[PDB]
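Below: the structure, in structure tokens.
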Amino acid sequence: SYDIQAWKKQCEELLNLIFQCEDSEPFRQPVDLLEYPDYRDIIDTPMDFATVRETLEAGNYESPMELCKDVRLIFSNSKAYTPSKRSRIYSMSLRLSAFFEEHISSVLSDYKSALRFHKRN
Ligand SMILES: O=C(Nc1ccccc1F)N1CCN(C(=O)c2ccco2)CC1
């Protein structure tokens with residue numbers, strides 16, 4: 001299964017599934033500072049799923065590893081901002097992270113295999 005470009009549509013479909021998840025709603029738009037006034041004192045690099053989708057659609061990811069790094073930043077930001085490990089929004093982040101990781105693993109494996117096959121000679 002050695003298509004070097006296949007990851008892009010696979011990531012578009014996975015983002016569609018993430019947008020259908022109720023657990024993604026807090027992460028679909030850049031955080032609002034008017035509600036959470038201390039946010040940029042704690043978080044150096046904001047990230048959200050709409051920014052990920054736009055970056056993919058603009059053709060500004062070269063690999064699914066780069067997309068995976070930005071999605072993992074959404075989750076590390078939520079862990080860095082939570083006052084409690086028993087927070088509603090952090091709790092939604094942990095379920096959504098488990099879902100993401102379960103689905104991205106084959107995308108990454110297939111891409112890396114395709115690359116290796118391209119370099120085989
Ligand atoms: O406001 C947020 N998102 C949001 C944006 C627009 C419309 C509606 C929304 F919900 N947030 C709150 C801050 N975040 C946290 O990860 C967190 C962990 C513990 C408490 O917050 C990120 C998501």
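In what follows, residues are counted from 1 in the order of the sequence shown. Whatever order the structure lists them in is the order used to number ligands and atoms, beginning at 1. Hydrogens, waters and symmetry mates are skipped; everything else that's a heavy atom, side chains included, is used.
Checked by atom type and distance alone, the side chain of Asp38 never pairs as donor or acceptor with a backbone atom of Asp41 at under 3.5 Å. Judged by distance alone, the side chain of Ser76 and the main-chain N or O of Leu73 form a donor-acceptor pair under 3.5 Å.
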One line per pair, note the atom names and distance for all nitrogen or oxygen contacts under 3.5 Å between ligand 1 and the protein.
unit_1, atom_1, unit_2, atom_2, d
ligand 1, 3 (N), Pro26, O, 2.7
ligand 1, 16 (O), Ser78, OG, 2.8

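Between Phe19 and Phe49, the angle of the ring planes goes over 60°, which puts this pair in the perpendicular group of the 30/60° scheme.
Criterion: ILVMFWY side-chain heavy atoms under 4.5 Å apart, direct or through other members. Under it, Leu108 and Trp7 are part of a common hydrophobic cluster.
No side-chain donor from either of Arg72 and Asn77 sits under 3.5 Å from a side-chain acceptor of the other. A side-chain N or O of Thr51 and one of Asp48 form a donor-acceptor pair less than 3.5 Å apart.
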